[PDB]
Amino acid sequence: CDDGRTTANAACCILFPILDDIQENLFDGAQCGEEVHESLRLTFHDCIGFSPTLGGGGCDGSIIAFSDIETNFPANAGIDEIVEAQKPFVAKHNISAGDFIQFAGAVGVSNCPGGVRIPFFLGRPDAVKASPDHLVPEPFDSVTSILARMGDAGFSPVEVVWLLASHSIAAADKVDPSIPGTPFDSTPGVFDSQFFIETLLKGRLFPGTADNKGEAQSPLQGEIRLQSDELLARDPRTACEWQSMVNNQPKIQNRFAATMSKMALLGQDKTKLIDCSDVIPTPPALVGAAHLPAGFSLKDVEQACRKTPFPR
């Protein structure tokens, strides 16, 4: 390649001006802030719009291409601004929206401490059609409906748990509109196991207004809990996997990267793409060991796995 850098394949040098723009003009100087949290989420809301029988283009960038339609899906509340945030970048550069969505996601994760380098591929065509509605899992859906939807897209129950490691770097804006920016765990700027830990704590309070659609009771003030994350943490089909995450940053990193790659290829083929994983920067180290919040004991944690009691 040219000024600065060089990578395994020549067509990957195009990503580097892109890499520079989004770190400064989208990620606030390569930080793990809100825009990073929304780009990661965006990859899912684009890709999960796929079903072998119901339709959808998958990771086709349709959520940007047909933002008028898809950003007004009820399940896409609050996505319309990461779309408009990424649009000027899609406009100036010559990669497809499908490619850019995944790149911004991958690059963004590597800005977060404890993060991982997700494999990124280049060459997706432009979006042909808008995704059908009702393909995006809602936080008030049952475990069965979530697992069936993710399963219909080709994800096993354990894979769903793995992909939900994303909630370690996450916050909600539309669940409780009164308290926007309330994170899913106590360490939203760090990619750790604190999400799986605090989810297993018992419900104690509502951080904002009284229960509204998709919200379960939170353990901590300044933290919000989705109704879907609470159930998945306790459901026999996934409880043991959810608890196994509270243990293992290596596994968390390992599994989050292997499945995101699988997700990013939904309806896209292999050989038509080229590999530019070389481009993704390397995340900083983990900033502290796992722990229960102050004032909490191992009793405060709910047990949902019958095989192995919650590991101290």
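Residues carry their position along the shown sequence, with the first being 1.
Taking the recorded C-alpha temperature factors, which stretch has the higher mean, 14 to 22 or 294 to 302?
Higher mean C-alpha B-factor in the PDB entry: 294 to 302.
Between 225 to 233 and 207 to 215, point out the one with the higher average CA B-factor as the PDB entry records it.
According to the entry, 207 to 215 carries the higher average C-alpha B-factor.
Quiz for you: based on the deposited Cα B-factor, which of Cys47, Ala257, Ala30, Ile69 is highest?
Highest C-alpha B-factor among the listed residues goes to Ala30.
From the list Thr53, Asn247, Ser39, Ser261, select the residue with the highest C-alpha B factor recorded in the entry.
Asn247 has the highest C-alpha B-factor of those listed.
Sorting the chain's CA B-factors, does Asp275 end up in the lowest, middle or highest third?
According to the entry, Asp275 has a C-alpha B-factor in the chain's highest third.
If you rank the chain by CA B-factor, which third does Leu122 end up in: lowest, middle or highest?
Within its chain, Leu122 is a middle-third residue by C-alpha B-factor, going by the deposited values.
Quick one: classify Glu35 as lowest, middle or highest third of the chain based on its Cα B-factor.
Middle third - that is where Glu35 ends up once the chain's C-alpha B-factors are sorted.
Lowest, middle or highest third: where is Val287 by C-alpha B factor in its chain?
CA B-factor rank for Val287: highest third.
Give the position of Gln194 by CA B-factor within its chain, expressed as the lowest, middle or highest third.
Middle third, going by the recorded CA B-factors of the chain.
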